[PDB]
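Order-wise, the sequence lines are chains A and C. Numbering of the first sequence is given in the deposited numbering, commencing with residue 356 and proceeding in unit increments. Numbering of the second sequence is given in the deposited numbering, commencing with residue 457 and proceeding in unit increments.
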Amino acid sequence: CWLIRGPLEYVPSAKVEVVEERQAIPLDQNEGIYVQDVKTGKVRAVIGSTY
Amino acid sequence: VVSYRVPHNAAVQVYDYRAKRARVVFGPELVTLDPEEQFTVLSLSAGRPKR
């Protein structure tokens, strides 16, 4: 699973398959989202800029 | 915007939680709260004898 993000256009090739939309979350300083990196488990609680 | 019109011989104390800074303005100023600025709500004694 890999996330393609940014100002681009995508056409899903026969090999790849779309899973979910992954809308961004707006966060300012002293606010964040409790993010659990399920590949490594570590919950980071990323705050500051949007994540 | 949330803006409080402070009386002349009065003081209102606020903190920008987004910016990690403290400021209190006395006198008759018009405070302008930043998106994470909050007021110093003061519960004060009143009533005929006291409360």
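From the three backbone atoms N, C-alpha and C, an ideal C-beta is built for every residue, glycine too.
- With a 10 Å radius around the Cβ and a threshold of 16 neighbouring Cβ atoms, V470(C) comes out buried.
- Looking at the DSSP output, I388(A) bridges to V401(A).
- Rounded to the nearest whole angstrom, the C-alpha separation of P463(C) and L486(C) is 9 Å.
- Distance from the CA atom of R377(A) to the CA atom of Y389(A), rounded to whole angstroms, is 16 Å.
- DSSP places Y471(C) inside the beta strand (DSSP E), whose first and last residues are 467-472.
- Against chain A, the CB of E492(C) has a partner CB under 9 Å away; the residue lies at that interface.
- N385(A) has its alpha-carbon roughly 6 Å from the corresponding atom of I402(A).
- Spatial neighbours of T405(A) in its own chain (CB-CB distance under 6 Å, excluding positions within 5 residues in sequence) are listed in chain order as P381, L382.
- Taking a C-beta distance under 9 Å as the contact criterion, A467(C) and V480(C) qualify as a contact pair.
- Distance between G483(C) and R504(C), taken at the CA atoms: about 28 Å.
- Legend: CB atoms of the region 361-393 of chain A lying less than 9 Å from CB atoms of chain C belong to residues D383, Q384, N385, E386.
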